[PDB]
Amino acid sequence: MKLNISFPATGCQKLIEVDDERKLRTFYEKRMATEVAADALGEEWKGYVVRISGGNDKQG
Amino acid sequence: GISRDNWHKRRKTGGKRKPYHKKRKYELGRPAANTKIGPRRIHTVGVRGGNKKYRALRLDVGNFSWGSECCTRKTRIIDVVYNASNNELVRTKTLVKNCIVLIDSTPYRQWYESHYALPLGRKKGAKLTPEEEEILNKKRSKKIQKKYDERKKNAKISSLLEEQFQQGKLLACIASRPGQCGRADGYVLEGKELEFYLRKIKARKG
Amino acid sequence: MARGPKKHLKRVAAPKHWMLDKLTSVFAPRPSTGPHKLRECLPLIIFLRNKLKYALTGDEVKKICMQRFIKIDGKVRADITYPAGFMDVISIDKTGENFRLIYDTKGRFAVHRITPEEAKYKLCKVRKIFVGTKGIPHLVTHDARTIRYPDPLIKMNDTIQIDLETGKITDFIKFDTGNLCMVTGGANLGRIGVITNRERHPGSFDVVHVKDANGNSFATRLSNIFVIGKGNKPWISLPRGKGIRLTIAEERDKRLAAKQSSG
RNA sequence: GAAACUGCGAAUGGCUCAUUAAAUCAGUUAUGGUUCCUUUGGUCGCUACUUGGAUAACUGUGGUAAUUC
RNA sequence: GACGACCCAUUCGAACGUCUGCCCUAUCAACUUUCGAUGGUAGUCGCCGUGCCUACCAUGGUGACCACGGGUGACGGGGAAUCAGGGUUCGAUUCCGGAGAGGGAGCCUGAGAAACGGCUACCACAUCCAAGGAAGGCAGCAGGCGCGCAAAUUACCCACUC
RNA sequence: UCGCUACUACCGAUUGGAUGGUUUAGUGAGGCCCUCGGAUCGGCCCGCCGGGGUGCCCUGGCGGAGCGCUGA
Ligand SMILES: [Mg+2]
Ligand SMILES: [Mg+2]
Ligand SMILES: [Mg+2]
Ligand SMILES: [Mg+2]
Ligand SMILES: [Mg+2]
Ligand SMILES: [Mg+2]
Ligand SMILES: [Mg+2]
Ligand SMILES: [Mg+2]
Ligand SMILES: [Mg+2]
Ligand SMILES: [Mg+2]
Ligand SMILES: [Mg+2]
Ligand SMILES: [Mg+2]
Ligand SMILES: [Mg+2]
Ligand SMILES: [Mg+2]
Ligand SMILES: [Mg+2]
Ligand SMILES: [Mg+2]
Ligand SMILES: [Mg+2]
Ligand SMILES: [Mg+2]
Ligand SMILES: [Mg+2]
Ligand SMILES: [Mg+2]
Ligand SMILES: [Mg+2]
Ligand SMILES: [Mg+2]
Ligand SMILES: [Mg+2]
Ligand SMILES: [Mg+2]
Ligand SMILES: [Mg+2]
Ligand SMILES: [Mg+2]
Ligand SMILES: [Mg+2]
Ligand SMILES: [Mg+2]
Ligand SMILES: [Mg+2]
Ligand SMILES: [Mg+2]
Ligand SMILES: [Mg+2]
Ligand SMILES: [Mg+2]
Ligand SMILES: [Mg+2]
Ligand SMILES: [Mg+2]
Ligand SMILES: [Mg+2]
Ligand SMILES: [Mg+2]
Ligand SMILES: [Mg+2]
Ligand SMILES: [Mg+2]
Ligand SMILES: [Mg+2]
Ligand SMILES: [Mg+2]
Ligand SMILES: [Mg+2]
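Residues numbered from 1 in each chain as written, not as in the entry; some residues may be left out. Chains lettered and ligands numbered in written order. Part of a larger assembly, values for the part shown. Heavy atoms only, no water.

**Side note on the packing of aromatic side chains**
In step 1: Following the criterion strictly, the structure yields 11 aromatic pairs over all chains and no others.
In step 2: Ring centres of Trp 66 of chain B and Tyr 112 of chain B lie 6.5 Å apart, and the angle between their planes is 40 degrees; this geometry places the pair in the tilted category. Pair noted here: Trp 66 of chain B is in strand β3 (residues 61-66) and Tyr 112 of chain B is in helix α2 (residues 106-116), with a separation of 46 residues, a long-range link. Both residues of the pair, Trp 66 of chain B and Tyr 112 of chain B, count as buried.
In step 3: For the pair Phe 47 of chain C and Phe 99 of chain C, a centre-to-centre distance of 5.4 Å together with 75 degrees between the ring planes defines the contact as edge-to-face. Here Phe 47 of chain C is found in helix α1 (residues 44-51), whereas its partner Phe 99 of chain C is found in the loop between β4 (97-98) and β5 (121-132), with 52 residues between them in sequence. For the pair shown, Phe 47 of chain C and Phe 99 of chain C are each scored as buried.
In step 4: Taken together, the ring pairs in this structure connect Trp 66, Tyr 108, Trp 111, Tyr 112, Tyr 116 and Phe 165 of chain B into an aromatic cluster. (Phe/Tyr/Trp six-rings, centres within 6.5 Å; stacked < 30°, edge-to-face > 60°. Helix = DSSP H or I, 4+ residues; strand = E, 2+ residues; numbered from the N terminus. Buried < 20%, exposed > 50% of the residue type's maximum accessible area, 1.4 Å probe, protein only.)

Structure below.
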């Protein structure tokens, strides 16, 4: 799956592609509007907190 | 949905009639309210023309009146005793027009003792020493003859009504439709109405 | 089919005293809601483009009205289907002329230019007398006007002359036997005479007799009588003919003997 | 002055005659047993030198074979 | 001046009621009734009157003056053809009223709808699909297939009437 | 009467078929109402700073606690 990351501070968005499920295990079985630590998604992400805000199914 | 049309009935001869049109909206349903007793909730229905209409559920306070005295007060509704239409409307404590209810009877006692300077049905007097004899036997030399002696002679509450005030409840009839207004108003029974309803209650239960 | 109110009127179903053709089109003005009933009114477009020939289409009467030229009862009406009616006053000061809608003799409105000093008041028939909050007497006239504080000796069917600028009832005539009147409905729509009788049927439709200025008598319902004078003396100016209703034979005799063809 | 929010209209008109036999409909009367946008006329006095946050369009990232998503 | 607004009246209506008026049929003579049929009392609901619906009572209501049941290639009327006098037949159809939007059913918004150029389901049809999903209602104007003995252009314009 | 051709209607095994219209009993989509439900979204109350006043208070912002009351 892809991700759409948004920084509401400077007003900047970016799409990201991540394939390895290990990075994605952070978000699985977690309803919308819950904050998590995104430091599992890479090493540029170390002290980062992200809030899930929604998404789209396959078939949109 | 539910309909109030005349065209599903048989005609006077006993013959069927066939419909000519589908159900209209000026022929509507809107199921019953079934007002219980409890903390207030009131919903609002939008009806023909706008004209919102309040449907009550769980009323617990009414505005009742004493017609001999011309004295009306807000009061609490305690229970339902009689219901001329059905009997399952007393088992479920549902409150409709022309029901027979028990009320709290306290504000009428307050107004009476204050207006006449005279007690209701009372068993013994010790509680009257710090207070209440303060109201009833007010320490004043002006008025307390001239006014309250014209209040006297008239202060002759009948046997049944003064017997009511002892147990702390009355018998009242609802004279407003809570399902349409959202209010439970009425009047406290007296005289032959009181005798009739008391006899009916005594005869039904037990 | 018909779930609400209608807004079109077919040319064949329109009132007949509008004197319309049958080949212009399927549709008629359909007067908008106002102080006069639909079958007893006369829209502005018909009065301007048909009886006065000032306009030639609907666009022309629209752009005549959109210049604040036409005044009905003092106020400026911008609508072209406004329902003007009986005893109304039209005023066009760009040309200095005033009219008055009154049935002539044959059940239709006439063109009845009047003096500017007469285009100040209007007569109104009282339909209702009720009391409002705090015991204030009100009136209701035949053109929806409401008057507060009338003198407590005016009753139903009486006529009141009111100032067009201020309301403010000025004088009044009483419904009594001997008073001039014009019939405003039914078969005798337009005839003028004195009352001389009032038959009474408790429960329905008390009828009233009339006898005009030539010894002819005719009856009507009380709902169509309109007192317009004390007696043998109108308060408003009468049109040509004065509601006499000369029969078809006399009509033919006067049209032939006078040889009214042209000038 | 585009777009978009807001207000109003979309219950009119057009079409057809399947159903329907005291039903529709017609003349006659009644709402003193009801509702009525709009029109016209009446009614408008028992931090104030002006309050609150939050969505469109617009900017920017997207999802689906596909839609006025 | 514009706009907005509680209430009353007016206007435009809508709804529910009164009296009278209907084609053929007896190889339709008795019908209606806890699955309200006719009335009484109290209520629920409804914009309001009312078995409209509920509880408790009474046993009523219609019919040979054709009730009740069945048929109609039956929408009603204003009207049309024929006609010495009387009559007979027609009225799908341009004005008034009613009903419907493939068949039933249920609702939202709204002053006003049980609306289909609105929504939600079932039935009958039928369209696209990447098979996961999505979308539909010409008895509106043109046009097409089918049915038949049987009925027109996939035109131009808001200049007129509104 | 029997016989020849042609046409029409009738009775009838077939326990015929097609289309329906009522209909006992059983199930029952969807909307509406009622009693619950509580994903989420805010406000109030306490420190540091910026602005005003008399170590504290008021708007605001920040991280947060009690998350206690609370509204949709
Ligand atoms: Mg029908
Ligand atoms: Mg209203
Ligand atoms: Mg229509
Ligand atoms: Mg108009
Ligand atoms: Mg502009
Ligand atoms: Mg409007
Ligand atoms: Mg609308
Ligand atoms: Mg056609
Ligand atoms: Mg029948
Ligand atoms: Mg009848
Ligand atoms: Mg009629
Ligand atoms: Mg009628
Ligand atoms: Mg006004
Ligand atoms: Mg009853
Ligand atoms: Mg009743
Ligand atoms: Mg019997
Ligand atoms: Mg029958
Ligand atoms: Mg039948
Ligand atoms: Mg038919
Ligand atoms: Mg016929
Ligand atoms: Mg003849
Ligand atoms: Mg017809
Ligand atoms: Mg046909
Ligand atoms: Mg046709
Ligand atoms: Mg009608
Ligand atoms: Mg319909
Ligand atoms: Mg079809
Ligand atoms: Mg509206
Ligand atoms: Mg529909
Ligand atoms: Mg339509
Ligand atoms: Mg649609
Ligand atoms: Mg269509
Ligand atoms: Mg077509
Ligand atoms: Mg062919
Ligand atoms: Mg032909
Ligand atoms: Mg052909
Ligand atoms: Mg045009
Ligand atoms: Mg043969
Ligand atoms: Mg079956
Ligand atoms: Mg069931
Ligand atoms: Mg359900």
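From this point on, the discussion continues.
**Digging into the sheet that holds strand β8 (residues 159-163) of chain C**
Residue and element names in this part refer to chain C.
In step 1: On the basis of which strands lie adjacent, the open sheet formed by five strands has the order β7-β6-β5-β8-β9 and antiparallel pairing. A strand with exactly one partner marks an edge of an open sheet, and here the two such strands are β7 (146-148) and β9 (167-173). Averaged over all pairs of adjacent strands, the angle between their axes in this sheet comes to 45 degrees, without regard to strand direction. (Pairing = 2+ DSSP bridges. Axes fitted to C-alpha atoms, helices over the stretch in contact; angles between N-to-C directions.)

**Comments concerning the protein's contact with RNA strand D**
In step 1: Every one of the 33 residues lining RNA strand D counts as a neighbour, but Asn 4 of chain A together with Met 1, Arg 3, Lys 10 and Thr 33 of chain C are closest to it.
In step 2: Among the atoms of RNA strand D lying within 4 Å of the protein, the sugar-phosphate backbone contributes 78%.
In step 3: The separation between a phosphate oxygen of RNA strand D and a polar side-chain atom of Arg 11 of chain B is 2.8 Å.
In step 4: A distance of 3.5 Å separates a phosphate oxygen of RNA strand D from a polar side-chain atom of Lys 7 of chain C.
In step 5: If you list the elements that add at least two residues to the surface near RNA strand D, you get β1 (2-7) and β2 (12-17) of chain A together with β7 of chain C.
In step 6: For the surface near RNA strand D, a count of residues per class yields seven nonpolar, 12 polar and 14 charged. (Near = heavy atom within 4 Å. Polar contact = N/O pair within 3.5 Å; in protein donor to acceptor, adjacent residues only side chain to side chain. Nonpolar A, V, L, I, M, F, W, Y, C, P; charged D, E, K, R; others polar.)

**Description of the environment of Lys 153 of chain B**
All names here are of chain B.
In step 1: Following the sequence through the fold, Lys 153 ends up in the loop between α4 (148-151) and α5 (159-167).
In step 2: Classification of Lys 153 by relative accessible area gives exposed; the value is 73%.
In step 3: For the pair formed by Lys 153 and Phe 196, sequence separation is 43 residues and the distance between their alpha carbons is 28 Å.

**With respect to the sheet that holds strand β3 (residues 90-92) of chain C**
All names here are of chain C.
In step 1: Taken in spatial order, the four strands line up as β2-β1-β3-β4 in an open sheet, and their pairing is antiparallel. Of all the strands in the sheet, just β2 (75-76) and β4 have a single pairing partner and so form its edges.
In step 2: Sheet analysis places strand β1 (residues 70-72) next to β3, joined by three bridges and oriented antiparallel. Each bridged residue has a counterpart across the sheet, and for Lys 71 the counterpart in β3 is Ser 91.

**Focus on the nonpolar core**
In step 1: With 39 residues, the main nonpolar core has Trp 18, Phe 47, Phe 86 and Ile 228 of chain C as its most contacted residues.
In step 2: Broken down by secondary-structure element, the contributors of at least two residues to this core are α1, α2 (58-65), β1, β3, β5, β10 (180-182) and β11 (192-198) of chain C.
In step 3: Two domains share this core, each providing at least three of its residues, namely domain 1 (2-117) and domain 3 (175-245) of chain C.
In step 4: Setting aside its immediate chain neighbours within four residues, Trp 18 of chain C contacts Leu 9, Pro 29, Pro 31, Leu 38, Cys 41, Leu 42, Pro 43, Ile 46 and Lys 51 of chain C.
In step 5: Residues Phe 64, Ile 77, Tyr 108 and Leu 120 of chain B belong to the second largest nonpolar core, which totals 26 residues. (Core = buried A, V, L, I, M, F, W, Y, C linked by side-chain atoms within 4.5 Å. Domains from an automatic or database assignment. Contact = heavy atoms within 4.5 Å.)

**Some points on α1 of chain C**
Residue and element names in this part refer to chain C.
In step 1: The complete set of buried residues in α1 reads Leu 44, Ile 45, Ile 46, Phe 47 and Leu 48.
In step 2: Considering only its buried residues, α1 is in contact with α2, β1 and β3.
In step 3: The positive-phi residue at the C-terminal boundary of α1 is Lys 53, with phi of around 55 degrees.

**A short note on the domain arrangement of chain B**
In step 1: The domain boundaries assigned to chain B delineate domain 1 (1-30), domain 2 (31-105 + 169-206) and domain 3 (106-168).
In step 2: Measuring from the centre of the C-alpha atoms in domain 1 of chain B to the corresponding centre in domain 3 of chain B gives 60 Å.

**Some words on the state of the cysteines**
By definition, a disulfide links the sulfur atoms of two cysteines through a covalent bond.
In step 1: Evaluated as defined, the whole model comprises zero disulfides over all chains.
In step 2: In this model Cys 41 of chain C remains outside any disulfide bridge; the closest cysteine sulfur is found in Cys 65 of chain C, 15 Å from its own. (Disulfide = S-S within 2.5 Å.)

**Re the packing of α1 of chain C against α2 of chain C**
All names here are of chain C.
In step 1: Orientation of α1 relative to α2, taken along the N-to-C sense of each, is 115 degrees, at an axis distance of 10 Å. Comparing the axis directions of α1 and α2 gives the class roughly perpendicular. Here α1 runs over α2; the crossing is right-handed. On α2, the residues touching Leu 44, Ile 45, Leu 48 and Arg 49 of α1 are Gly 58, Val 61, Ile 64 and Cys 65. (Parallel < 35°, antiparallel > 145°, perpendicular 65-115°, else oblique. Left-handed = near helix turned anticlockwise from the far one by under 90°.)

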